[PDB]
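Below are two forms of the same protein chain, given as C-alpha coordinates: structure 1, then structure 2.
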Structure 1
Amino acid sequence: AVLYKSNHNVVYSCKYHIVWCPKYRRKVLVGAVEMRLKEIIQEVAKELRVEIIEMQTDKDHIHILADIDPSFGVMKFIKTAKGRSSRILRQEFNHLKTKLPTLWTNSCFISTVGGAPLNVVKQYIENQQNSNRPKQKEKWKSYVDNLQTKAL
(Lines of atoms letter the chains of each structure in order from A and count residues from 1; the text may use other names and numbers.)
(Lines give C-alpha, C1' and ligand atoms only; values in the text may rest on other atoms or scores of the structure.)
Protein backbone atom coordinates (compact mmCIF):
# COMPACT_ATOMS: atom_id res chain seq x y z
CA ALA A 1 0.00 0.00 0.00
CA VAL A 2 0.88 3.70 -0.13
CA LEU A 3 3.67 3.36 2.48
CA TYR A 4 6.14 0.46 2.18
CA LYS A 5 9.09 -0.88 4.17
CA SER A 6 12.43 -2.08 2.78
CA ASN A 7 13.44 -5.66 3.49
CA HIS A 8 15.55 -3.76 6.03
CA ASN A 9 14.65 -0.42 7.63
CA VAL A 10 13.88 1.88 4.69
CA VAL A 11 10.43 3.51 4.97
CA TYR A 12 9.24 4.52 1.49
CA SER A 13 6.72 5.46 -1.14
CA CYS A 14 8.26 5.86 -4.58
CA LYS A 15 5.68 6.27 -7.30
CA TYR A 16 6.82 6.93 -10.84
CA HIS A 17 5.03 7.87 -14.05
CA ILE A 18 6.81 6.14 -16.90
CA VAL A 19 6.11 6.74 -20.58
CA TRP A 20 7.90 5.50 -23.73
CA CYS A 21 6.92 5.20 -27.40
CA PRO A 22 7.49 2.71 -30.20
CA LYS A 23 10.13 3.28 -32.86
CA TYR A 24 9.09 6.19 -35.09
CA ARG A 25 6.27 6.72 -32.62
CA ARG A 26 4.49 4.06 -34.70
CA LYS A 27 0.90 3.31 -33.75
CA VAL A 28 1.35 -0.42 -33.17
CA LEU A 29 0.17 -0.46 -29.55
CA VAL A 30 -3.39 -1.55 -30.36
CA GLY A 31 -5.35 -4.78 -30.40
CA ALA A 32 -3.32 -7.98 -30.07
CA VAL A 33 -0.07 -6.11 -29.52
CA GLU A 34 -1.47 -3.78 -26.85
CA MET A 35 -2.94 -6.75 -24.92
CA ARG A 36 0.27 -8.82 -24.92
CA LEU A 37 2.37 -5.76 -24.11
CA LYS A 38 0.36 -5.16 -20.95
CA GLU A 39 0.54 -8.84 -20.02
CA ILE A 40 4.30 -9.00 -20.50
CA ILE A 41 4.80 -5.81 -18.47
CA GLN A 42 2.68 -7.40 -15.74
CA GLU A 43 4.90 -10.46 -15.51
CA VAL A 44 7.99 -8.29 -15.36
CA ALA A 45 6.57 -6.18 -12.49
CA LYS A 46 5.63 -9.15 -10.30
CA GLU A 47 9.02 -10.65 -11.00
CA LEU A 48 10.89 -7.42 -10.26
CA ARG A 49 8.60 -6.65 -7.34
CA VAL A 50 7.17 -3.56 -8.98
CA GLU A 51 3.70 -2.40 -8.06
CA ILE A 52 1.81 -1.37 -11.18
CA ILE A 53 -0.66 1.12 -9.74
CA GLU A 54 -2.03 2.12 -13.16
CA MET A 55 -1.22 1.27 -16.79
CA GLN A 56 -2.83 2.16 -20.09
CA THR A 57 -1.71 2.41 -23.70
CA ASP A 58 -2.80 4.76 -26.44
CA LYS A 59 -1.59 3.64 -29.86
CA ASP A 60 1.82 5.30 -29.99
CA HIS A 61 2.77 5.01 -26.30
CA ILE A 62 2.34 3.23 -22.98
CA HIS A 63 1.80 5.09 -19.70
CA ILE A 64 2.72 3.30 -16.45
CA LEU A 65 2.19 4.41 -12.85
CA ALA A 66 4.45 2.29 -10.70
CA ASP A 67 5.69 1.87 -7.17
CA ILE A 68 9.35 0.81 -7.07
CA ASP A 69 11.71 -0.15 -4.23
CA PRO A 70 14.23 2.73 -4.18
CA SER A 71 17.07 0.23 -3.69
CA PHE A 72 16.14 -1.51 -6.92
CA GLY A 73 16.07 1.38 -9.36
CA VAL A 74 13.52 2.53 -11.93
CA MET A 75 15.80 1.96 -14.90
CA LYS A 76 16.14 -1.73 -14.06
CA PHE A 77 12.39 -2.18 -14.34
CA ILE A 78 12.32 -0.20 -17.61
CA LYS A 79 15.35 -2.02 -19.03
CA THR A 80 13.58 -5.34 -18.45
CA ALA A 81 10.07 -4.26 -19.38
CA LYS A 82 11.28 -2.77 -22.66
CA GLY A 83 13.89 -5.40 -23.49
CA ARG A 84 11.72 -8.45 -22.94
CA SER A 85 8.46 -7.07 -24.36
CA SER A 86 10.43 -6.14 -27.46
CA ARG A 87 11.85 -9.63 -27.88
CA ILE A 88 8.56 -11.36 -27.23
CA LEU A 89 6.29 -9.07 -29.22
CA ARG A 90 8.66 -9.07 -32.22
CA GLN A 91 8.66 -12.84 -32.01
CA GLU A 92 4.86 -13.03 -31.69
CA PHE A 93 3.91 -10.43 -34.32
CA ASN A 94 6.20 -10.29 -37.35
CA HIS A 95 5.21 -6.87 -38.66
CA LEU A 96 6.94 -5.50 -35.56
CA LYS A 97 10.13 -7.24 -36.69
CA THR A 98 10.03 -6.76 -40.46
CA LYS A 99 8.91 -3.13 -40.44
CA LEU A 100 10.94 -1.76 -37.53
CA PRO A 101 14.65 -2.04 -36.68
CA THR A 102 13.70 -2.30 -33.01
CA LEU A 103 10.42 -2.13 -31.09
CA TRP A 104 11.34 0.82 -28.88
CA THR A 105 13.75 3.76 -28.90
CA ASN A 106 16.49 4.65 -26.43
CA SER A 107 14.21 7.25 -24.92
CA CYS A 108 11.61 7.25 -22.15
CA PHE A 109 10.00 9.76 -19.82
CA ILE A 110 10.08 9.53 -16.01
CA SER A 111 8.51 11.72 -13.31
CA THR A 112 8.10 11.23 -9.57
CA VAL A 113 4.57 11.59 -8.23
CA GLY A 114 3.50 12.31 -4.68
CA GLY A 115 2.38 15.07 -2.38
CA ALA A 116 3.81 16.74 0.67
CA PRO A 117 4.30 13.99 3.28
CA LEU A 118 4.07 16.35 6.26
CA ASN A 119 2.41 14.05 8.76
CA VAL A 120 3.89 10.81 7.47
CA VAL A 121 7.34 12.31 8.05
CA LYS A 122 6.39 13.32 11.58
CA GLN A 123 5.16 9.83 12.44
CA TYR A 124 8.39 8.40 11.06
CA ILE A 125 10.60 10.51 13.34
CA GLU A 126 8.37 10.08 16.38
CA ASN A 127 8.61 6.31 16.11
CA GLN A 128 12.37 5.92 15.80
CA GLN A 129 13.87 4.53 19.01
CA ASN A 130 15.50 7.02 21.37
CA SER A 131 17.26 4.29 23.35
CA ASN A 132 17.48 0.49 23.59
CA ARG A 133 14.91 0.27 26.37
CA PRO A 134 12.01 -2.19 25.96
CA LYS A 135 9.29 0.39 25.37
CA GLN A 136 11.25 1.96 22.53
CA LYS A 137 11.89 -1.34 20.76
CA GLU A 138 8.17 -2.03 21.12
CA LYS A 139 7.24 1.37 19.71
CA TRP A 140 9.45 0.81 16.66
CA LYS A 141 8.42 -2.79 16.08
CA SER A 142 4.76 -1.81 16.18
CA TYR A 143 5.44 1.00 13.69
CA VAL A 144 7.38 -0.87 11.00
CA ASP A 145 5.45 -4.10 11.51
CA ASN A 146 2.36 -2.07 10.56
CA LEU A 147 3.87 -1.18 7.19
CA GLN A 148 3.38 -2.74 3.74
CA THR A 149 6.05 -4.83 2.03
CA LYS A 150 7.05 -6.46 -1.25
CA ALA A 151 7.74 -10.18 -1.03
CA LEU A 152 7.76 -12.57 -4.01
Structure 2
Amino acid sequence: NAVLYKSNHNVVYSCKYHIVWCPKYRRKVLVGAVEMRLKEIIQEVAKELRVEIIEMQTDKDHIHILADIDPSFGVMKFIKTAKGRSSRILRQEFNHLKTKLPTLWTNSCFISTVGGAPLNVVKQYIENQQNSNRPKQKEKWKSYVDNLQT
Protein backbone atom coordinates (compact mmCIF):
# COMPACT_ATOMS: atom_id res chain seq x y z
CA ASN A 1 0.00 0.00 0.00
CA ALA A 2 1.16 3.44 1.17
CA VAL A 3 0.30 4.61 -2.31
CA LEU A 4 -0.64 8.23 -1.83
CA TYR A 5 -3.14 9.52 -4.38
CA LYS A 6 -4.39 12.79 -5.85
CA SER A 7 -7.73 13.41 -7.55
CA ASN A 8 -8.54 16.48 -9.58
CA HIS A 9 -11.92 17.75 -10.69
CA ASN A 10 -12.09 20.77 -12.95
CA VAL A 11 -15.33 22.19 -14.30
CA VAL A 12 -15.99 25.21 -16.49
CA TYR A 13 -19.61 26.28 -16.30
CA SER A 14 -22.54 28.69 -16.50
CA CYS A 15 -25.57 27.17 -14.81
CA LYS A 16 -28.37 29.63 -14.23
CA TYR A 17 -31.80 28.67 -12.99
CA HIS A 18 -35.13 30.28 -12.23
CA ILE A 19 -36.46 28.82 -8.98
CA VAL A 20 -39.78 29.36 -7.20
CA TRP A 21 -41.75 27.55 -4.55
CA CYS A 22 -44.62 28.56 -2.28
CA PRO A 23 -45.51 28.23 1.42
CA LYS A 24 -48.09 25.57 2.27
CA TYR A 25 -51.65 26.43 1.24
CA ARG A 26 -49.97 29.48 -0.31
CA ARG A 27 -50.81 31.62 2.73
CA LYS A 28 -49.45 35.14 2.14
CA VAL A 29 -47.07 34.85 5.08
CA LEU A 30 -43.94 36.13 3.33
CA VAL A 31 -44.05 39.64 4.72
CA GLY A 32 -42.36 41.87 7.26
CA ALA A 33 -39.74 40.23 9.43
CA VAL A 34 -40.52 36.82 7.92
CA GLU A 35 -39.67 38.08 4.45
CA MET A 36 -36.40 39.71 5.45
CA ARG A 37 -35.35 36.75 7.56
CA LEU A 38 -36.10 34.38 4.68
CA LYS A 39 -33.77 36.22 2.30
CA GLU A 40 -31.06 36.42 4.95
CA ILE A 41 -31.13 32.66 5.56
CA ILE A 42 -31.19 31.83 1.86
CA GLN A 43 -28.20 34.12 1.14
CA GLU A 44 -26.31 32.28 3.89
CA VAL A 45 -27.18 28.93 2.29
CA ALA A 46 -26.20 30.15 -1.17
CA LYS A 47 -22.84 31.15 0.24
CA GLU A 48 -22.34 27.62 1.63
CA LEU A 49 -23.08 25.94 -1.69
CA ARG A 50 -21.17 28.26 -4.05
CA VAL A 51 -24.46 29.58 -5.38
CA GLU A 52 -24.53 33.13 -6.70
CA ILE A 53 -27.94 34.69 -6.12
CA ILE A 54 -28.26 36.98 -9.14
CA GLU A 55 -31.76 37.95 -8.07
CA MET A 56 -34.35 37.18 -5.43
CA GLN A 57 -37.75 38.79 -5.05
CA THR A 58 -40.63 37.68 -2.86
CA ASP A 59 -44.26 38.47 -3.40
CA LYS A 60 -46.36 37.29 -0.49
CA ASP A 61 -47.28 33.75 -1.39
CA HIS A 62 -44.12 32.70 -3.22
CA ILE A 63 -40.43 33.38 -3.74
CA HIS A 64 -38.63 33.66 -7.05
CA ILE A 65 -34.92 33.08 -7.40
CA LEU A 66 -32.57 33.55 -10.32
CA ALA A 67 -29.16 32.11 -9.54
CA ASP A 68 -26.06 30.45 -10.92
CA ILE A 69 -25.55 27.13 -9.20
CA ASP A 70 -22.25 25.23 -9.00
CA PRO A 71 -23.28 21.84 -10.46
CA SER A 72 -20.87 19.95 -8.19
CA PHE A 73 -23.41 20.55 -5.41
CA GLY A 74 -26.41 20.91 -7.72
CA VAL A 75 -29.74 22.75 -7.75
CA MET A 76 -31.66 20.18 -5.70
CA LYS A 77 -29.02 20.26 -2.96
CA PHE A 78 -29.54 24.00 -2.90
CA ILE A 79 -33.33 23.96 -2.95
CA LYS A 80 -33.66 21.30 -0.29
CA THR A 81 -31.08 23.05 1.93
CA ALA A 82 -32.67 26.46 1.41
CA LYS A 83 -36.14 25.12 2.11
CA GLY A 84 -35.16 22.92 5.01
CA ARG A 85 -33.19 25.52 6.89
CA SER A 86 -35.54 28.45 6.25
CA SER A 87 -38.44 26.20 7.21
CA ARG A 88 -36.73 25.16 10.45
CA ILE A 89 -35.51 28.57 11.62
CA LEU A 90 -38.65 30.50 10.65
CA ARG A 91 -41.08 28.22 12.49
CA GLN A 92 -38.82 28.53 15.56
CA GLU A 93 -38.71 32.31 15.31
CA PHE A 94 -42.34 32.94 14.34
CA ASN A 95 -45.12 31.27 16.31
CA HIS A 96 -47.88 32.12 13.81
CA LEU A 97 -45.94 29.91 11.43
CA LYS A 98 -45.22 26.80 13.55
CA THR A 99 -48.73 26.45 14.96
CA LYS A 100 -50.95 27.65 12.09
CA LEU A 101 -49.13 25.44 9.58
CA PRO A 102 -47.92 21.78 9.58
CA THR A 103 -44.92 22.63 7.38
CA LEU A 104 -43.71 25.91 5.90
CA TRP A 105 -43.25 24.74 2.34
CA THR A 106 -44.66 21.93 0.26
CA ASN A 107 -42.86 19.05 -1.43
CA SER A 108 -43.29 21.14 -4.57
CA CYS A 109 -41.12 23.71 -6.32
CA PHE A 110 -40.59 24.99 -9.85
CA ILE A 111 -37.25 24.75 -11.68
CA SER A 112 -36.23 25.84 -15.12
CA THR A 113 -32.80 26.43 -16.60
CA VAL A 114 -32.17 29.69 -18.44
CA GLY A 115 -29.17 30.16 -20.70
CA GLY A 116 -27.41 33.50 -20.71
CA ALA A 117 -24.45 31.95 -22.55
CA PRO A 118 -23.21 31.81 -26.20
CA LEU A 119 -21.47 28.89 -27.93
CA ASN A 120 -18.20 30.42 -29.11
CA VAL A 121 -17.45 29.75 -25.47
CA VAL A 122 -17.37 26.02 -26.22
CA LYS A 123 -14.81 26.39 -29.01
CA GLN A 124 -12.69 28.43 -26.61
CA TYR A 125 -12.93 25.68 -23.98
CA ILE A 126 -11.73 23.13 -26.50
CA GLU A 127 -9.10 25.29 -28.21
CA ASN A 128 -7.74 25.96 -24.74
CA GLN A 129 -7.36 22.27 -23.88
CA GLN A 130 -3.99 20.50 -23.55
CA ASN A 131 -2.23 17.90 -25.70
CA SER A 132 1.04 16.83 -24.00
CA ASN A 133 2.48 20.15 -25.21
CA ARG A 134 0.20 22.52 -23.26
CA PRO A 135 2.66 24.44 -21.03
CA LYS A 136 0.94 27.81 -21.56
CA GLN A 137 -2.60 28.92 -22.43
CA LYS A 138 -4.16 26.50 -19.94
CA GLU A 139 -3.58 27.62 -16.34
CA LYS A 140 -3.81 30.92 -18.22
CA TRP A 141 -7.32 30.34 -19.54
CA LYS A 142 -8.34 28.90 -16.15
CA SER A 143 -7.09 31.79 -14.01
CA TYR A 144 -8.92 34.02 -16.50
CA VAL A 145 -12.27 32.42 -15.58
CA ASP A 146 -14.46 33.72 -12.74
CA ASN A 147 -15.06 32.28 -9.29
CA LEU A 148 -18.12 32.40 -7.04
CA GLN A 149 -17.86 35.48 -4.79
CA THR A 150 -18.27 33.87 -1.33
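Residues are numbered by position in structure 1's sequence, first residue being 1. We call the rigid core whatever largest set of C-alpha positions still superposes within 1.5 Å between the two forms.
Q: Superpose on the rigid core, then report which one of 20, 12, 16, 140 has a CA displacement of at least 2 angstroms between structure 1 and structure 2.
A: It is 140; the other listed residues stay below 2 Å.
Q: Could you tell me how many Å the Cα atom of residue 130 shifts between structure 1 and structure 2 when the rigid core is held superposed?
A: The shift comes out to 3.3 Å.
Q. By how many angstrom is the Cα of residue 78 displaced between structure 1 and structure 2 when the rigid core is overlaid?
A. In the core superposition between structure 1 and structure 2, the C-alpha of residue 78 moves 0.7 Å.
Q. So if we fit the rigid core, how much does the CA of residue 116 shift between structure 1 and structure 2, in Å?
A. So the C-alpha of this residue moves 5.5 Å.
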